[PDB]
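Peer 1: Quick one: this structure, given as C-alpha cells, is what I'll be asking you about.
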Amino acid sequence: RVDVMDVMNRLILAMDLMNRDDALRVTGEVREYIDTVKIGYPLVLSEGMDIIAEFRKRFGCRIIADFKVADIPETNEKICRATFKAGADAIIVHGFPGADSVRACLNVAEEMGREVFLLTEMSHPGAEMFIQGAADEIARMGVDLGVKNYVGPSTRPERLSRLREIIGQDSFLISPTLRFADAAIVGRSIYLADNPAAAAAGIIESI
Amino acid sequence: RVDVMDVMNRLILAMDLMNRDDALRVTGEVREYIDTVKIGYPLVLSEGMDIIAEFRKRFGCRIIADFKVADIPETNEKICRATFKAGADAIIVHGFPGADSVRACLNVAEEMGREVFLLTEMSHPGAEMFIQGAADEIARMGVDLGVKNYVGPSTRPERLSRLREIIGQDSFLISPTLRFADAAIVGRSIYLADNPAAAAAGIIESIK
C-alpha cells in the first residue's frame, strides 16, 4: 500500500543485543537485506539513546523503538517526543492503558511526522490473563483512533487473521505469517547466527 | 513495618523534569525533607541512565525507576537488570502482561537485592477501558507472587481502601491518602513551586 511504510524484503530485524559493539556489527552485516531495525529498552538503556542516531547515520535504516509505551497521556507524550527527537521513525505503544494514552502518542507523531504502532496482543504465557481477552477491543480502539500500524501476536496464525479482519486490508501489520502481516520480525535466527548475512538471505529465500 | 522500605517523611518526589540541570537542582533543594525520588523515562531517555548514579552519589537518595515495565519475561529481565545495574533501588512494573512477566522482574530483583513495585491501577481517563476492571485481579496476582510493594491509583480513596484490603496491612503501598498508603508521591506541587524546599516542608506539615 502506497501510504504505509515500505520494509525491505518484508523482514524487520529485532536487534535485541545489549552491547553497542555487537549490535552495530550485525546490523551492518545485514543492511543489504534489511532496511528496518527494531530496537528496545535493553539496548538503549545500556548504551544510550544516541545509539539510534548511530544506526541511522551508519546504515540508513529505519528505526522502530519497541518501547511498549504504557503510561498516562502526559508521560506518553514526553516519552514519544524524546524518542522521536533521538531519531526513531516509529514507536510501539500498548493499548491496555486506553484511548487517551494512545492518542497522546499519535499527537506527537503527527507533530513530528513519525509513526505509532499499536501493540494489540502478546504471545508469552502470561498474556492469557488480561491481554488475550482485550486484544480484539484494543484493535478496534486503534481503528477508532485512525491507527495505521499494528503489531500482532507471534504465535497462532488464526489470531493474525482475526486481527487483519478487524484492522482492514489497508493497515500495516507486523508480527514475530506473511499471508496476513505485511512484514515479519526476526531476532535470534539472525543476530545469533555465525553468519547473520547468510541467515537473512536464507529467510528471504523462503519468503 | 520493619521489612519494607522507610521513606523519609512518607513523601516521594516524582522528579518528572526532563533536563538534568533542573532535575538535580530541585532534588538537592529538598533532600533535607525527602530521601526517595521517583524517576521516569522522559528524564533517563533525555539525559542517560547515568543520571541515576548522579542522584545517588550527590544526594544519597533512594531511586525508584518508574519504567512501567510491560514486556515479555526475557525482555523484562533485561530491562530490570540494566536498570538495577545503573543503580535503581526499585522498579515499577505493570501487571497487565501477567504473572510470568512480573515474576521475571522479581527474579532479577531477588538476584540483585533490589525491589519490584507492582502497578495495580492508573487514574487517567483511559484507565476505565481495561485497567480499572483488571485492578483487583492484578493486586491478587501480586499477593500470589509474593509481591511486597505496590503502586495504587492517584484518585478515588475508596479504591485505595480496596487495594489495601487485598494486599494486607503488611505490604508497602505508595500512591499519588496516607490512611491507606504508606507514602505519597508528589510532583508538580514541589518541582514547579517557587521554592521547592518550602513546598516540601509545607506538605510535610499537613502530614502531621
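In the C-alpha cells, each chain is lettered A, B, ... as it comes, each chain's residues begin at 1, and ligands are numbered from 1 in order of appearance.
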Would you pick out the contacts of residue 17 in chain B at 12 Å or less, using only C-alpha atoms, so that residues sharing its chain but fewer than 5 positions from it are not included, and give the list as a PyMOL selection string?
Peer 2: (chain A and resi 75+78-79) or (chain B and resi 22-27+38-47+187-188+190-192)
Peer 1: Save out the residues we just selected, N, CA, C and O atoms, as a compact mmCIF listing (two decimals), in the first residue's frame.
Peer 2:
# COMPACT_ATOMS: atom_id res chain seq x y z
N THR A 75 2.83 11.70 30.22
CA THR A 75 4.10 11.00 30.20
C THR A 75 4.34 10.31 28.86
O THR A 75 5.45 10.34 28.33
N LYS A 78 5.75 12.81 26.44
CA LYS A 78 7.16 13.09 26.66
C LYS A 78 8.07 11.95 26.23
O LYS A 78 9.14 12.18 25.67
N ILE A 79 7.65 10.71 26.47
CA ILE A 79 8.44 9.57 26.02
C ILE A 79 8.52 9.57 24.49
O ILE A 79 9.60 9.39 23.91
N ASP B 22 17.85 21.11 35.75
CA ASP B 22 16.69 21.39 36.59
C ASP B 22 16.40 20.25 37.58
O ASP B 22 16.09 20.49 38.75
N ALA B 23 16.50 19.02 37.11
CA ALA B 23 16.20 17.86 37.94
C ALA B 23 17.09 17.81 39.18
O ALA B 23 16.60 17.64 40.30
N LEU B 24 18.39 17.97 38.99
CA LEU B 24 19.35 17.85 40.09
C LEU B 24 19.19 18.97 41.12
O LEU B 24 19.28 18.76 42.33
N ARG B 25 18.95 20.17 40.61
CA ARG B 25 18.80 21.34 41.46
C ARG B 25 17.66 21.17 42.46
O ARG B 25 17.85 21.34 43.66
N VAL B 26 16.48 20.81 41.96
CA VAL B 26 15.30 20.64 42.81
C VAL B 26 15.49 19.52 43.84
O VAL B 26 15.18 19.69 45.02
N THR B 27 15.99 18.39 43.38
CA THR B 27 16.19 17.25 44.27
C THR B 27 17.13 17.60 45.44
O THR B 27 16.83 17.28 46.59
N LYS B 38 11.45 9.35 42.63
CA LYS B 38 10.96 8.53 41.53
C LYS B 38 11.31 9.21 40.21
O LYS B 38 11.01 10.40 40.02
N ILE B 39 11.97 8.47 39.34
CA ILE B 39 12.44 8.96 38.04
C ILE B 39 11.78 8.12 36.95
O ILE B 39 11.60 6.93 37.13
N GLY B 40 11.43 8.74 35.84
CA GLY B 40 10.81 8.02 34.74
C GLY B 40 11.62 8.11 33.45
O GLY B 40 12.72 8.67 33.41
N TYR B 41 11.05 7.55 32.40
CA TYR B 41 11.71 7.53 31.11
C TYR B 41 12.02 8.90 30.48
O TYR B 41 13.06 9.04 29.85
N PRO B 42 11.12 9.88 30.61
CA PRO B 42 11.47 11.13 29.91
C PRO B 42 12.83 11.68 30.36
O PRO B 42 13.62 12.06 29.50
N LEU B 43 13.12 11.66 31.66
CA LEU B 43 14.43 12.11 32.14
C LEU B 43 15.56 11.18 31.71
O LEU B 43 16.58 11.63 31.16
N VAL B 44 15.42 9.88 31.95
CA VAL B 44 16.54 8.99 31.63
C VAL B 44 16.80 8.83 30.12
O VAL B 44 17.93 8.64 29.70
N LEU B 45 15.75 8.90 29.30
CA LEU B 45 15.98 8.81 27.85
C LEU B 45 16.65 10.08 27.34
O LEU B 45 17.50 10.01 26.44
N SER B 46 16.29 11.21 27.92
CA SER B 46 16.85 12.50 27.50
C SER B 46 18.27 12.71 27.99
O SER B 46 19.09 13.32 27.28
N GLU B 47 18.58 12.24 29.20
CA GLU B 47 19.87 12.55 29.81
C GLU B 47 20.80 11.36 30.00
O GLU B 47 21.99 11.53 30.28
N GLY B 187 4.62 15.53 42.75
CA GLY B 187 5.44 16.01 41.66
C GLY B 187 5.41 17.52 41.54
O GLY B 187 6.17 18.22 42.21
N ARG B 188 4.49 17.99 40.71
CA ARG B 188 4.36 19.40 40.34
C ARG B 188 4.36 20.37 41.52
O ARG B 188 5.01 21.42 41.48
N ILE B 190 5.84 20.41 44.08
CA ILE B 190 7.18 20.64 44.59
C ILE B 190 8.13 21.16 43.51
O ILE B 190 8.74 22.21 43.68
N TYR B 191 8.25 20.43 42.40
CA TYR B 191 9.24 20.80 41.39
C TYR B 191 8.81 21.97 40.51
O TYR B 191 9.63 22.53 39.78
N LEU B 192 7.53 22.34 40.57
CA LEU B 192 7.05 23.54 39.91
C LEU B 192 6.56 24.54 40.94
O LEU B 192 5.58 25.24 40.73
Peer 1: Mind dumping a table of every chain A residue within 7 Å of chain B, with the nearest atom pair and its distance in Å to one decimal, using only C-alpha atoms, sorted by chain and rising number, as JSON lines?
Peer 2:
{"residue": "A:41", "atom": "CA", "partner": "B:79", "partner_atom": "CA", "distance": 6.4}
{"residue": "A:42", "atom": "CA", "partner": "B:79", "partner_atom": "CA", "distance": 5.2}
{"residue": "A:45", "atom": "CA", "partner": "B:49", "partner_atom": "CA", "distance": 6.3}
{"residue": "A:46", "atom": "CA", "partner": "B:82", "partner_atom": "CA", "distance": 6.2}
{"residue": "A:48", "atom": "CA", "partner": "B:48", "partner_atom": "CA", "distance": 5.9}
{"residue": "A:49", "atom": "CA", "partner": "B:45", "partner_atom": "CA", "distance": 6.3}
{"residue": "A:68", "atom": "CA", "partner": "B:70", "partner_atom": "CA", "distance": 6.7}
{"residue": "A:70", "atom": "CA", "partner": "B:68", "partner_atom": "CA", "distance": 6.7}
{"residue": "A:72", "atom": "CA", "partner": "B:124", "partner_atom": "CA", "distance": 6.1}
{"residue": "A:78", "atom": "CA", "partner": "B:42", "partner_atom": "CA", "distance": 5.8}
{"residue": "A:79", "atom": "CA", "partner": "B:42", "partner_atom": "CA", "distance": 5.2}
{"residue": "A:82", "atom": "CA", "partner": "B:46", "partner_atom": "CA", "distance": 6.2}
{"residue": "A:96", "atom": "CA", "partner": "B:130", "partner_atom": "CA", "distance": 5.8}
{"residue": "A:97", "atom": "CA", "partner": "B:127", "partner_atom": "CA", "distance": 5.5}
{"residue": "A:98", "atom": "CA", "partner": "B:126", "partner_atom": "CA", "distance": 4.2}
{"residue": "A:99", "atom": "CA", "partner": "B:126", "partner_atom": "CA", "distance": 5.5}
{"residue": "A:100", "atom": "CA", "partner": "B:126", "partner_atom": "CA", "distance": 5.3}
{"residue": "A:101", "atom": "CA", "partner": "B:126", "partner_atom": "CA", "distance": 6.6}
{"residue": "A:124", "atom": "CA", "partner": "B:72", "partner_atom": "CA", "distance": 6.1}
{"residue": "A:126", "atom": "CA", "partner": "B:98", "partner_atom": "CA", "distance": 4.2}
{"residue": "A:127", "atom": "CA", "partner": "B:97", "partner_atom": "CA", "distance": 5.5}
{"residue": "A:129", "atom": "CA", "partner": "B:98", "partner_atom": "CA", "distance": 5.7}
{"residue": "A:130", "atom": "CA", "partner": "B:96", "partner_atom": "CA", "distance": 5.8}
{"residue": "A:131", "atom": "CA", "partner": "B:97", "partner_atom": "CA", "distance": 6.4}
Peer 1: List every residue of range 82-162 of chain A that DSSP, applied to the backbone of this structure, places in strand (DSSP E or B), and write the result as a ChimeraX atom specification.
Peer 2: /A:90-94,115-119,149-151
Peer 1: Got a sec: who's within 7 Å of residue 52 in chain B, counting only C-alpha atoms, leaving out chain neighbours fewer than 4 positions off, as an MDAnalysis selection string?
Peer 2: chainID B and resid 56 86:88
Peer 1: For those residues, write C-alpha atoms to a file as a short mmCIF file (atom, residue, chain, number, x, y, z; two decimals), in the first residue's frame.
Peer 2:
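The result, written out as result-v1.cif:
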data_model
loop_
_atom_site.label_atom_id
_atom_site.label_comp_id
_atom_site.auth_asym_id
_atom_site.auth_seq_id
_atom_site.Cartn_x
_atom_site.Cartn_y
_atom_site.Cartn_z
CA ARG B 56 22.50 8.74 44.49
CA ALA B 86 22.52 1.65 36.76
CA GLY B 87 21.79 1.88 40.48
CA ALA B 88 17.98 1.97 40.84
#
Peer 1: Compile the contact shell of range 109-113 of chain A as a PyMOL selection string: residues with an atom at most 10 Å away, counting only C-alpha atoms, same-chain residues fewer than 3 positions apart removed.
Peer 2: chain A and resi 77+80-81+84-85+89-91+103-106+116
Peer 1: Write to file, as a PDB file, in the first residue's frame, the residues of the selection just made, with N, CA, C and O atoms.
Peer 2:
ATOM      1  N   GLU A  77       3.330  11.391  26.019  1.00  0.00           N
ATOM      2  CA  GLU A  77       3.753  12.464  25.125  1.00  0.00           C
ATOM      3  C   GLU A  77       5.256  12.697  25.214  1.00  0.00           C
ATOM      4  O   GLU A  77       5.948  12.789  24.206  1.00  0.00           O
ATOM      5  N   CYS A  80       7.384   9.765  23.832  1.00  0.00           N
ATOM      6  CA  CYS A  80       7.388   9.797  22.374  1.00  0.00           C
ATOM      7  C   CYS A  80       8.242  10.926  21.825  1.00  0.00           C
ATOM      8  O   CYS A  80       9.007  10.735  20.872  1.00  0.00           O
ATOM      9  N   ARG A  81       8.102  12.110  22.415  1.00  0.00           N
ATOM     10  CA  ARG A  81       8.886  13.243  21.943  1.00  0.00           C
ATOM     11  C   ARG A  81      10.385  12.984  22.084  1.00  0.00           C
ATOM     12  O   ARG A  81      11.148  13.248  21.151  1.00  0.00           O
ATOM     13  N   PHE A  84      11.392  10.286  19.416  1.00  0.00           N
ATOM     14  CA  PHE A  84      11.448  10.855  18.072  1.00  0.00           C
ATOM     15  C   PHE A  84      12.588  11.879  17.925  1.00  0.00           C
ATOM     16  O   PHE A  84      13.239  11.925  16.878  1.00  0.00           O
ATOM     17  N   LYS A  85      12.835  12.681  18.961  1.00  0.00           N
ATOM     18  CA  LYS A  85      13.948  13.630  18.900  1.00  0.00           C
ATOM     19  C   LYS A  85      15.258  12.877  18.689  1.00  0.00           C
ATOM     20  O   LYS A  85      16.152  13.346  17.978  1.00  0.00           O
ATOM     21  N   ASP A  89      11.989   6.456  13.841  1.00  0.00           N
ATOM     22  CA  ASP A  89      10.948   6.675  12.844  1.00  0.00           C
ATOM     23  C   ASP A  89       9.576   6.284  13.351  1.00  0.00           C
ATOM     24  O   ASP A  89       8.556   6.816  12.898  1.00  0.00           O
ATOM     25  N   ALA A  90       9.547   5.337  14.286  1.00  0.00           N
ATOM     26  CA  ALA A  90       8.290   4.824  14.800  1.00  0.00           C
ATOM     27  C   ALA A  90       8.479   4.323  16.217  1.00  0.00           C
ATOM     28  O   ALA A  90       9.605   4.046  16.647  1.00  0.00           O
ATOM     29  N   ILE A  91       7.370   4.215  16.931  1.00  0.00           N
ATOM     30  CA  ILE A  91       7.383   3.754  18.317  1.00  0.00           C
ATOM     31  C   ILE A  91       6.209   2.810  18.531  1.00  0.00           C
ATOM     32  O   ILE A  91       5.121   3.024  17.976  1.00  0.00           O
ATOM     33  N   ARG A 103      -3.801   8.159  22.049  1.00  0.00           N
ATOM     34  CA  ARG A 103      -3.916   9.404  21.302  1.00  0.00           C
ATOM     35  C   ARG A 103      -2.772  10.372  21.600  1.00  0.00           C
ATOM     36  O   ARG A 103      -2.334  11.084  20.704  1.00  0.00           O
ATOM     37  N   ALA A 104      -2.290  10.393  22.838  1.00  0.00           N
ATOM     38  CA  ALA A 104      -1.173  11.265  23.189  1.00  0.00           C
ATOM     39  C   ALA A 104       0.035  10.955  22.310  1.00  0.00           C
ATOM     40  O   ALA A 104       0.767  11.847  21.878  1.00  0.00           O
ATOM     41  N   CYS A 105       0.256   9.668  22.066  1.00  0.00           N
ATOM     42  CA  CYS A 105       1.347   9.248  21.199  1.00  0.00           C
ATOM     43  C   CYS A 105       1.095   9.667  19.754  1.00  0.00           C
ATOM     44  O   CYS A 105       2.001  10.149  19.067  1.00  0.00           O
ATOM     45  N   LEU A 106      -0.135   9.458  19.285  1.00  0.00           N
ATOM     46  CA  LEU A 106      -0.496   9.831  17.927  1.00  0.00           C
ATOM     47  C   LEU A 106      -0.318  11.329  17.714  1.00  0.00           C
ATOM     48  O   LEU A 106       0.089  11.757  16.638  1.00  0.00           O
ATOM     49  N   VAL A 116       3.211   5.722  14.868  1.00  0.00           N
ATOM     50  CA  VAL A 116       2.872   4.939  16.051  1.00  0.00           C
ATOM     51  C   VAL A 116       2.385   3.558  15.602  1.00  0.00           C
ATOM     52  O   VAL A 116       1.540   3.443  14.698  1.00  0.00           O
TER      53      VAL A 116
END
Peer 1: Would you mind reading off the distance between CA of residue 62 in chain B and CA of residue 7 in chain B, one decimal, in Å?
Peer 2: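 A separation of 8.6 Å between them.
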Peer 1: Write out as JSON, numbers by chain which residues come within 10 Å of range 143-160 of chain B when counting only C-alpha atoms, dropping same-chain ones fewer than 2 positions away.
Peer 2: {"B": [3, 4, 5, 90, 92, 93, 94, 99, 100, 102, 103, 106, 115, 116, 117, 118, 119, 120, 121, 122, 123, 124, 132, 135, 136, 137, 138, 139, 140, 141, 162, 163, 164, 165, 166, 167, 168, 170, 171, 172, 173, 174, 175, 176, 177, 178, 179, 180, 181, 183, 184, 185]}
Peer 1: Set the distance at 7 Å and use only C-alpha atoms: which residues neighbour residue 10 in chain A once local chain neighbours fewer than 3 positions away are removed? I'd like the list as an mmCIF file with N, CA, C and O atoms, in the first residue's frame.
Peer 2:
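So the final result, stored in part_7.cif, reads:
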data_model
loop_
_atom_site.group_PDB
_atom_site.id
_atom_site.type_symbol
_atom_site.label_atom_id
_atom_site.label_comp_id
_atom_site.auth_asym_id
_atom_site.auth_seq_id
_atom_site.Cartn_x
_atom_site.Cartn_y
_atom_site.Cartn_z
ATOM 1 N N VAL A 7 8.979 -1.826 3.954
ATOM 2 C CA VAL A 7 10.017 -2.549 4.672
ATOM 3 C C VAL A 7 10.719 -3.477 3.700
ATOM 4 O O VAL A 7 10.101 -4.375 3.122
ATOM 5 N N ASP A 182 2.250 -7.686 6.927
ATOM 6 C CA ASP A 182 2.985 -7.063 5.837
ATOM 7 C C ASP A 182 4.481 -7.283 5.975
ATOM 8 O O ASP A 182 5.209 -7.297 4.983
ATOM 9 N N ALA A 183 4.941 -7.446 7.208
ATOM 10 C CA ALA A 183 6.346 -7.730 7.466
ATOM 11 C C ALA A 183 6.499 -8.632 8.682
ATOM 12 O O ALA A 183 5.681 -8.587 9.604
ATOM 13 N N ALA A 184 7.540 -9.453 8.671
ATOM 14 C CA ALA A 184 7.847 -10.347 9.775
ATOM 15 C C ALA A 184 9.029 -9.801 10.555
ATOM 16 O O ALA A 184 9.985 -9.284 9.964
#
